[PDB]
Every structure is written in C-alpha cells, then in structure tokens.
Amino acid sequence: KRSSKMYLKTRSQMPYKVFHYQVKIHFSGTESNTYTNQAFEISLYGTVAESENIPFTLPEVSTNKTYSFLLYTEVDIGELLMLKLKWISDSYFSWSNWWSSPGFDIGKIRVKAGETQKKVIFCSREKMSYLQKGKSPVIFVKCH
Amino acid sequence: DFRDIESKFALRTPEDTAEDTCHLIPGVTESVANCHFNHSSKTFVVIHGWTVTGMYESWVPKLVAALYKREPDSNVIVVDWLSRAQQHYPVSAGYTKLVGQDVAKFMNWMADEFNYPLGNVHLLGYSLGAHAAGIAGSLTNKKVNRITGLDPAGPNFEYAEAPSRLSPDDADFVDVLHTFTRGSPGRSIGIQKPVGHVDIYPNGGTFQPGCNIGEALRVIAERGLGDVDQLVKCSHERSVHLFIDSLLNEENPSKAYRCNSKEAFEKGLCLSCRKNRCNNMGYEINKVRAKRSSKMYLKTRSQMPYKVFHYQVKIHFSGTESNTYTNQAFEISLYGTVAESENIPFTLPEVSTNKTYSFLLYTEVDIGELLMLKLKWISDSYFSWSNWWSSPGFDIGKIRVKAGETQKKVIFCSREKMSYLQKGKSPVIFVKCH
Amino acid sequence: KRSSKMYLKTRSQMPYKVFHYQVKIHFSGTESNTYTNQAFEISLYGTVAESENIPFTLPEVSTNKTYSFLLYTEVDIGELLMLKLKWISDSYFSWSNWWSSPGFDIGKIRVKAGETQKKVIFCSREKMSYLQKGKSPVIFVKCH
C-alpha cells in the first residue's frame, strides 16, 4: 500500500549471503552504577561451523533492564549449542586483574534465528556466570 | 478425536527409502487406499529419536532398505518426531507420552477400521523412540508382538516404572541392545537396568571398538559440528548397525551368550547353553519367556561383518617351580580347516602352579575345526640378555578348549616331553588327542 | 652418609631439560559424594611462553581435603600469571550439558616453582569458580 523499506547485511565481495541472529539480554545484577559506551564480544558454536571472535557494541548498559542488538555472521552454522559472552577492556595487564572491577549477572538469553523463526532460550548455568570486565566469557547452553 | 495428532506417519517403499511420499492420516481412511498397504503381510514401525538437526538421522534409509531386503511385500511406517524433538531434550522426554498416546490411537484406529492383526507389527525403537514405543502399546487393547528397541535412553527413565518407561509387559516379546553404559548409575545415557525378557550387552556396554578418541579439542575438532560428531557417537549407532547387519546376514546369525555378569563372561565359565540359553540376536532371535531379567554378553568385529566366534579355554598348569607370578601376558594362536589366526593375544594374571585357569578368547574369522595350537609367552626383554640365564618356566599337560557355537569338548594334548613353556621362548605345539 | 636416590622427568629426545611445577589444591565444596579415578586437565600461561592442553590424573578426590600432584612442562615459561583447571568427561555431547553434574568449589592454589623456590599463591576470583564436570575451566591469577 506504500513504500516498504528493507535492510540486511552482507559479506565482503564473493558469496555475500550472510545470516542474522539478533539477540536479547535480560541483564539483572546487584551493583547499580550505570556504564555507557562499552564493547561486548560474543562467539557461538553450532552443528556445521562456528565463529570465534565476532564483536559488537552496546552503550547505555544498566541493571534490571533488558537490551537487544543485531549480530551477523558470514558462515553457515545451522543450529547453535553454546555461546560466549566475553567483555573486553583496555587494561589487559594484571593491573586490573585483581581489584574489584565492575560486573553483572546473567540469567537467560533469547536469541532468535533469522531465516527460521526459532525462539531458542539460552540459559545460564546454576551459578557460574558473574560476567565481569576483563574476565573469561560466560558459557551458555540450550535449555528449557 | 483425531485432530491432536501432530505427528505424521509416513510409508516408504523399496524404490524410495529417502523421502516420505505418503501420509497415513489417522481416521481419514483415504490414505490407506491412496498408498498400497498389504493388510495380510507384516508391518514394521520405525521410531527414531532426538536429533539436533531438523531431519532424519543418516541410518534410517539403510535400516529401511535392509528391512525390505529381508522381508519384501511388507509395509513400513515412519514417524515424524520432527517439530517436537528439536525442542530441549527434557521437553522430548515429556513429549514421549504424547507420541506414545498418538501411536496407540493410530494402532487402535487401525484395529477398529481394518482390524489388522496386532501380532504382525514391530515397534522398532531407538534412542528415545524405544521408550516412546514402550509407553505405547500398553494403551493398546490387543497388545503387540514385538517391541524390539535399540539403545534405550537412560536419563529421566531410571528410577521409574512401567507406565513411564519401557517394560516387559508393554508387549508380548521384547529385546534391547544395551550398546553403551559407561558412567555412573542413573547418569549414563544408556540405561543399564535390564528391561526386556532378554537383553543384550555387546562388549559389556563399556564402549565399542569401531572408533577412536574422537574430539581432539572443543574448538579445533567438531563436537557436534558434524565431522567427528559421528565418531563421538561411537556406540549409540552401533546398535542399529548391528541390527541391520544381522538382518542382512540371515544365514549365519551371531550367537550371543547368556551369563551371570560381565566379569563372569570375561572369565569364560558361562558359555555352555544346554537349556534355553545363548539365544540368537537380531531378527532371527528365538521368542522366549523368562522368570526374570536375563542378561547376556558377546563380542564383535570392528564394523562391517561382526559375527565373531567364541572359543574359551582352560589350562591345567602343573609345574615344579612354585614362585607365583602376576599380571603376565599370554599369546596364543590356532590353526583349523578353513582359515587360521596368527598373533591373537590375551591376558591372565595371578598365575600359579598345580592350579587350573580359564579365560575367554575371540576370533573374527571362520575356522571350523581346529587342529593345532600355539602358546607363546611374551616378555619385554627380547634381546639376548634374557635368552640364556634361567628364566621362569612351567609345564603344560592337557588343554580343554570348548567350541562355542557347537559344543565340542576337544581335548588338546601336549606332546610326550616337548613342552616346558618358558618366558621369551618359542611357543608349545599341541594337537588333537584322546 | 648413605645411598641418595633422585628423580626427574625429560622431553622426548633432543633438548631434554624439562621443568617441575608441582601443585596443591585446597578442595572445599558442599556436596560430599566422593569420586575416584578422575582426569584433571590444567593449563598455564607465563611471561615467555605457555602450554595449552597438558593433562594429569588425580584419583580419590574428596571434599574438605587438600591434594597435590606433580606436573611437568617442556617449554620455558619464566613467571606464571593465570591458570586453567578444566575437568574432562566422556560425555561431551549435550546429554550431560544441562542436568546437574557433580561439581566442587575452588579457593586458593599453592603451586611451587621448582628451579626457583616461589610459593606463589594462586587465588580464585570472588565467586566465579564452581568447578564442574564437562564445563569451562576456572581462571586464576596472582594474588595475596
């Protein structure tokens, strides 16, 4: 009935044909000091191939609040089993490796497959999450 | 009362063993006429199991092709776990009840409209499918002849009861292939508690040979990323491969043996079957009822033919020197009238004197009868250091090997004086005697 | 004054000259079901090079008890910053990825450098340890 805009992404030149796996996060932690302009790095493994070090950005991070973003990969993955949620920093060295750095807690994750509508519910482990800056990622699995 | 099916029943044919062409919708009799269904012949029902992907596993086509090869002019039905099994694994455990109710309704509708004899249907069950069939049939009014499953699932089924898991009363006859049981009780994928009238525990269920370590690393290798995922699934598909191999090779079925425990079978004191024991395995299994759970054991080759023999042995060790030794490796070889093995080893600790021992041996080649034997005793001092000075030795008298498939108490027989078995020495020959 | 036995390890053939970094663990958890004949995999990173996937064995694992073992590496590392404490299993697939598998808690670690006597006190993070079977390792750092 009217103009219908559209959007997508693509690879560099040869095959194009990228996927879309937008994500939601139910951030819920204790410390309520809001932060902004922070870089989130995640990775995913599936049943055909796997990406390793794909980054993304999400400012205005808060608590007791849900966020979302768009992610793209350039390799077929089919289904997806586990996830990585590393949080990067510019203080790699052991200066910021002991003293209390800001951290949050992760509950569930609601990634949604693009080509096929799959509300797969990712699922933090019993207690082993406590996402923190300059720390190892937090694993997740299929659940529910 | 046929609108909550949500599980389409397919019907393949020998010319098409890959893609589902028909859809036998319950209640709607039109499908039966649409797709030929010989109401006189036997009809199997394959129930696959959980799949991370959204398609049938790679074994269904081979299974169905072999099924047609074995029993032509017989209908085959496949189910559509898909759309429900893709969900979380516990969700599939819950949905087993729904699928069982659905299958029971299907069979009841068939027995009402067409009164097809229930004594001519198999509920071939794999993975979760075995438990699905087991919970099924029980709701059926006229019971089911055979419910032969494959590798019944362990989780959420141990510490359960008949209504919630496969039970011997779920059908007239039942048999399972416990192809994997390694791990703690109640947490190993493969249920270890015996379920059917007769159960089969190839290799003891610890693992299977036709595979390797598998996953080299979490990221470098392919855990479930295809490739080495099948290798990781070393045994879970070995059940179906064994079943299809037995189905194809109807002439010479493998003879699994009945015993008391895996260790007892390894020792080899529980092979003779004068009574109704040591029944066949596979399609040609002999239908039998037991007063209780009846465990069984056997061995197998790597992947293709399987169908190995069993030639357990006894030794009447009797020597002079009385210094006991332990954890020693015995190597033997045998020659027959069809073929011969060369360098098959085995182990026997706690060796002593004036005492008789026994063990279990297996070979993977047909031999028929057996003429002579080798009894070499190996060492880790090959070089001429331990080639002269007196090394421990024993004396050998008679040998009482017993053929498995055919009960033959052939009495092997040492020569007049030419035995004196010794470490790091040539074997001792033996012959038929007495 | 008498016979004095000695011991060591070595590489395969060419350089030999391996190190020795024996370790102690102060296992302290809640669930008291003892386990035996389990395989522990650890890895370490330093200031010169790093090993990746060195395994070792430790049966008779219990709770509220301290254990120790001997580890060897075949590459110079100098100092050591962080540690890996993965616990391996023979149920890689997602069968044993959700339902509660046995797990323990890790406090401090008391590795001791061989060539130079250094009672470096490794140190679990605030709460992010909960070592569990078939799970990502637990990171550790220099501390105290």
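Coordinate-derived values only; no laboratory data. Ideal geometry is used to build each Cβ from the backbone, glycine not excepted, and the neighbour counts take in all protein chains shown.
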For this session: Name the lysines eligible as straight-distance cross-link partners of B:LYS409: C-alpha to C-alpha under 17 Å, and not fewer than 8 places from it in the same chain.
Result: B:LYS314, B:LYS398, B:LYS432
For this session: Give the long-range amide H neighbours of B:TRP81: residues separated by 5 or more places, or on another chain, with amide H under 5 Å away, using H modelled in the peptide plane at 1.01 Å from N.
Result: none
Seminar exercise, completed: Sorted by chain and number, the residues with a modelled amide H under 5 Å from that of B:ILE344, at a separation of 5 or more or across chains, are B:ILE332
Exercise. Order of C:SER3, B:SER391, B:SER246 from fewest to most other C-beta atoms within 10 Å?
Worked result: C:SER3, B:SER391, B:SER246
For this session: List B:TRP59, C:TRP99 from most exposed to least, where exposure is judged by having the fewest other Cβ atoms within 10 Å.
Result: C:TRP99, B:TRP59
Exercise. Could you give the dipole magnitude of the stretch B:192-302 about its Cα centre, charging the beta-carbon of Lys and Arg +1 and that of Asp and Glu -1, in debye to the nearest 20?
Worked result: 940
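Please report the antiparallel percentage of the DSSP beta bridges confined to the protein assembly as shown, to the nearest 5.
Details: 77 of 95 bridges.
Among the beta bridges of the protein assembly as shown, antiparallel pairing accounts for roughly 80 percent.
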Problem set entry | Options B:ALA133, B:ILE191, B:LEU98, ranked by Cα towards positive dipole end of chain B, top entry (Cβ charges) | B:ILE191
For this session: Determine the calculated [θ] at 222 nm for the protein assembly as shown from helices alone, applying -39500 (n - 2.57) to every DSSP H run no shorter than 4 residues and normalising by the residue count; nearest 500 deg cm²/dmol.
Result: -3000 deg cm²/dmol
Exercise. Fewest to most neighbouring Cβ within 10 Å: what's the order for B:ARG12, B:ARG258, B:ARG218, B:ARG70?
Worked result: B:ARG218, B:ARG70, B:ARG258, B:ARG12
Problem set entry | Greater than 24 Å apart at Cα, pairs in A:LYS108/A:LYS135; B:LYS69/B:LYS291; B:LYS255/B:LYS423 | B:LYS69/B:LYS291; B:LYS255/B:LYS423
Seminar exercise, completed: Whole-Hz Karplus couplings 3J(HN,Hα) for the stretch B:8-24, θ = phi - 60° and coefficients 6.51, -1.76, 1.60, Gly and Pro as x, run 6, 9, 9, 8, 7, 9, x, 6, 9, 10, 10, 10, 6, 9, 9, 8, 6
For this session: On a C-alpha basis, how far is the centre of the stretch C:95-129 from the centre of the stretch C:33-65 in Å? Whole number, if you could?
Result: 9
Problem set entry | Whole-number Å³ per residue for the convex hull built on Cα positions in the protein assembly as shown | 256
For this session: Please compute the Cα-Cα pair-distance distribution of chain C with 5 Å bins starting at 0, giving whole percents from short to long.
Result: 2, 8, 17, 22, 19, 14, 9, 6, 3, 1, 0, 0
Exercise. What residues have an amide H closer than 5 Å to that of B:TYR335, excluding those fewer than 5 places away on the same chain, when H is modeled at 1.01 Å from N in the peptide plane?
Worked result: B:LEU371, B:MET372
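Would you work out the charge dipole size for chain A about its Cα centre, treating the Cβ of every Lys and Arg as +1 and the Cβ of every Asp and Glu as -1, and quote it to the nearest 20 debye? Can you show the working numbers first?
Values: 20 positive and 12 negative charges, 142 e Å.
Around 680 debye, computed over chain A.
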For this session: Using Cα pairs closer than 8 Å and at least 6 residues apart in sequence, work out the relative contact order for the stretch A:1-97, in percent.
Result: 34
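Let me spell out the model: positive unit charges on the Cβ of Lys and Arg, negative unit charges on the Cβ of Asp and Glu, origin at the Cα centre of chain B. What dipole size does that give, in debye rounded to 20?
Values: 50 positive and 46 negative charges, 456 e Å.
Approximately 2180 debye in magnitude.
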For this session: Any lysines with Cα under 20 Å of the A:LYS5 Cα? List them, leaving off those in the same chain fewer than 8 positions away.
Result: A:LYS17
Exercise. Which of the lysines could a cross-linker span from B:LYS105 if the Cα-Cα distance has to be under 22 Å and same-chain partners fewer than 8 positions apart are dropped?
Worked result: B:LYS8, B:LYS42, B:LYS97, B:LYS142, B:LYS143
Problem set entry | Among B:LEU166, B:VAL338, B:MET418 - extreme Cα towards positive end, dipole of chain B, charges at beta-carbon | B:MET418
Exercise. Where does the charge balance sit around B:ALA216 when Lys and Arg score +1, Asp and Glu -1, over other residues with C-beta under 14 Å from its C-beta?
Worked result: -4
